[PDB]
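Visitor: this one's a deposited entry, sequence included:
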Amino acid sequence: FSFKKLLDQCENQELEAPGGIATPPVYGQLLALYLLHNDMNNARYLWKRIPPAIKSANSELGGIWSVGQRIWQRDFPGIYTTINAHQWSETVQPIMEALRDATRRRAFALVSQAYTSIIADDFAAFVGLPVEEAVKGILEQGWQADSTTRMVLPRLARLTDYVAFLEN
Amino acid sequence: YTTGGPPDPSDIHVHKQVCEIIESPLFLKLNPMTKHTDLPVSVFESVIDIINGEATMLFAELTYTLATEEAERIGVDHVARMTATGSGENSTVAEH
């Protein structure tokens, strides 16, 4: 909602404001905004446009690109460690908050379709919270957990225009 | 059926001859001289009634109803409306 507007004003800003290389905070928000849409191609291309000058100047930006390298592999546990690695207050946090929750939803959603049966330890990597916390949650939602083996199972107006058209 | 204003003897004479075809025929009378807005057809049957001890053929009036025939009705629609085609041919949607 709020984020979509924030990409719009920022997208405008990249072309309009600079002499061709814009300042380091603007590029960081923009990169972070591309990850929320999960438009990873344009993200990657964003980093490749970025000169060596911004990479020395700004390290935060390079952290935002690292989450994204993993999103390309689609390896979940790896995503989570990188979210914790870097923070940049104000300028990165509201959009970051959204990134973390967009990948968890993507992960739960992915599993629900993907697997008719999955190991609970693998599932623990996907949501990214330990085994005790996960097994407690799945039960409430209404998914079945098997214990001993520890496996988890996911669960007129048109017509007149058309008649008018054919008769003519 | 016959034509004319109120009931008269010349209708009763003809109704006895009709009694030869079927023993109980209906009589119907239409006034096209009607000064009145309601439906000016009135329906009768004949009764044989004794007056002053002599048996007389006298008429008795019946009320009416409306009834079936959808096949016939769709023609009464066309007959009733008397509408003309516009600029085209009249539309398929319209007619349907």
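Guide: Everything's here; your move. Numbering: from 1, shown residues only, chains lettered A, B, ... in the order given.

Visitor: so which bits of chain A are right by chain B?
Guide: Chain A has residues A:160, A:163, A:164, A:167 near chain B, with proximity defined as C-beta under 8 Å from any C-beta of the partner chain. C-beta here means a position set from N, CA and C on the backbone, and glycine is covered the same way.

Visitor: most neighbours out of the residues you listed, which is it?
Guide: Highest neighbour count within the residues of chain A next to chain B: residue A:163, with 15 neighbours (other C-beta atoms under 10 Å in any protein chain shown).

Visitor: that one - nearest residue in space that isn't next to it in sequence?
Guide: residue B:93 (5.1 Å; C-beta to C-beta, 6 or more residues apart in numbering or on different chains).

Visitor: packing partners of the host helix or strand of that neighbour?
Guide: Per DSSP states H and E: residue B:93 is located in helix B:92-95. Using 3 or more C-beta pairs under 8 Å, 6 or more residues apart in numbering or on different chains; DSSP states H and E as the contact test, the elements touching helix B:92-95 are helix A:157-167.

Visitor: what's in contact with the helix it packs on?
Guide: B:91, B:92, B:93 (C-beta atoms under 8 Å, 6 or more residues apart in numbering or on different chains).

Visitor: just give me how far it sits from the chain centre.
Guide: Averaging C-alpha positions (C-alpha atoms, centre = their mean, to the nearest Å) puts helix A:157-167 44 Å from its chain's average.

Visitor: from the centroid of chain B, which residue is nearest?
Guide: residue B:41 (5.4 Å; C-alpha atoms, centre = their mean).

Visitor: who does the nearest residue to it once chain neighbours are set aside form a beta bridge with?
Guide: Spatial nearest neighbour of residue B:41, chain neighbours left out: residue B:30 (4.9 Å); criterion: C-beta to C-beta, 6+ apart. Beta bridges link residue B:30 to residue B:3, residue B:41 when assigned by DSSP bridges.

Visitor: tell me how far residue B:30 lies from residue B:72.
Guide: Distance of residue B:30 to residue B:72, given as C-beta to C-beta, to the nearest Å: 21 Å.

Visitor: neighbour count winner among these two?
Guide: residue B:30 (15 against 8).

Visitor: for the more buried one, give me its contacts.
Guide: Residue B:30 neighbours (C-beta under 8 Å, 6+ apart): B:1, B:2, B:3, B:40, B:41.

Visitor: returning to that earlier point: distance of the residue nearest to residue B:41 relative to chain A?
Guide: 45 Å (C-beta to the nearest C-beta, to the nearest Å).

Visitor: who are the packing partners of whichever helix in chain A runs longest?
Guide: Assignment by DSSP state H gives helix A:93-114 as the longest helix of chain A. Contact partners of helix A:93-114 among helices and strands, from 3+ C-beta pairs under 8 Å, 6+ apart: helix A:2-16, helix A:24-37, helix A:76-85, helix A:120-127.

Visitor: any idea which of those helices is most buried?
Guide: Of all the helices and strands packed on helix A:93-114, helix A:24-37 carries the top mean neighbour count, a mean of 20, counting by mean count of other C-beta atoms under 10 Å in any protein chain shown.

Visitor: ok, and what's touching that one?
Guide: Here helix A:24-37 makes contact (C-beta under 8 Å, 6+ apart) with A:3, A:6-7, A:10-11, A:13-14, A:17, A:40, A:42-43, A:46-47, A:50, A:54, A:57-58, A:60-61, A:64-65, A:67-68, A:71, A:88, A:91-92, A:95-96, A:98-99, A:102.

Visitor: distance from stretch A:100-110 to the middle of the chain?
Guide: Distance of stretch A:100-110 from the chain centroid (C-alpha atoms, centre = their mean) equals 8 Å.
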